[PDB]
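Chemist:
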Amino acid sequence: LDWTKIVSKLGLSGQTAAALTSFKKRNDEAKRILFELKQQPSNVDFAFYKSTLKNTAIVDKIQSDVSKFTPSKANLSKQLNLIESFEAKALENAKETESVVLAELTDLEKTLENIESXXXXXXXXXXXXXXXXXXXXXXXXXXXX
Amino acid sequence: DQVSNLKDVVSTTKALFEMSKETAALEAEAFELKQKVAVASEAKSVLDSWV
């Protein structure tokens, strides 16, 4: 359900600080509005209102119309702007890690076994892995900048 | 850092649809509760003044 992992979900850029703060404030205010309000309709004490009013058939007609149905500020799920954006963002971030993040793990395992191991023949394969490891270290500083 | 960012970006992308749906669903419950309490308070105030 993660303040511990929800705030650290962004990368090295600080541009996602405004979007993360707006989503957390709207989610906290949504649960506080439903808990502070009553989870029922209305009382409508018609037993003490029809016998106390001066006008005849006044409180009886207003109680039947209020207990039926009325309008409210609601909306439907037709404008699914955030639902369509979740599938497109995962194709460029979650699906993109299968060829970028997974390729770095396979190259790191082959470079560690070749640099730690037969003699002159294994040194030639470790020489090419050393150049790729040195280029990855320089690209790591550019990716964070 | 790239492996941890894969699960973080996937969870943040799916959280945008749940955060927008929670604010829209809470707005309908707050408007229906305020409209029902306004009709009950107006009927109780008129009944108390008539009694």
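So the sequence lines, in the order shown, correspond to chains W and V.
Taken in order, the first sequence gives residues 11 to 127, 1001 to 1028; the numbers are from the deposited numbering.
Heads up: the second sequence begins at 103 in the deposited numbering, then just goes up one per residue.
Using N, Cα and C, we set each Cβ at its ideal position, and we do this for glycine too.
Could you spell out the range, first to last residue, of the alpha helix (DSSP H) harbouring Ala84 (chain W)?
Modeler: If you number the first sequence from 1, residue 84 (chain W) lands on position 74. Unbroken run through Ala84 (chain W): none, as it is neither H nor E.
Chemist: Pick from W:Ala28, W:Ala27 and W:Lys34: whose alpha carbon is nearest that of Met121 (chain V)?
Modeler: Counting from one through the second sequence, the residue named residue 121 (chain V) turns up at place 19. Closest option to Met121 (chain V), Cα to Cα, is W:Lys34.
Chemist: Do we get a CB-CB distance below 8 Å when we pair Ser147 (chain V) with the residues of chain W?
Modeler: Within the second sequence, numbered from 1, the residue matching residue 147 (chain V) stands at position 45. Not closer than 8 Å to any Cβ of chain W, the Cβ of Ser147 (chain V) fails to qualify, so no.
Chemist: According to DSSP, is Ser18 (chain W) part of a helix, a strand, or is it coil?
Modeler: Numbered from 1 along the first sequence, position 8 holds the residue referred to as residue 18 (chain W). Coil, per DSSP.
Chemist: Along the chain, where does the alpha helix (DSSP H) that runs through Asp12 (chain W) open and close?
Modeler: Stepping through the first sequence from its first residue, residue 12 (chain W) is reached at position 2. Per DSSP, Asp12 (chain W) belongs to no alpha helix (DSSP H) and is neither H nor E.
Chemist: If we cut at 8 Å on Cβ distances, does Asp117 (chain W) have a partner in chain V?
Modeler: As a working mapping, residue 117 (chain W) is identified with position 107 in the first sequence. False, the Cβ-Cβ gap to chain V never drops below 8 Å.
Chemist: Using the rule of at least 16 other Cβ atoms within 10 Å of the residue's Cβ for burial, across every protein chain shown, is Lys41 (chain W) buried or exposed?
Modeler: For the purposes of this step, residue 41 (chain W) is identified with residue 31 of the first sequence, where counting begins at 1. Exposed.
Chemist: Terminal residues of the continuous alpha helix (DSSP H) containing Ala142 (chain V)?
Modeler: For the purposes of this step, residue 142 (chain V) is identified with residue 40 of the second sequence, where counting begins at 1. Residues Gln104 to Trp152.
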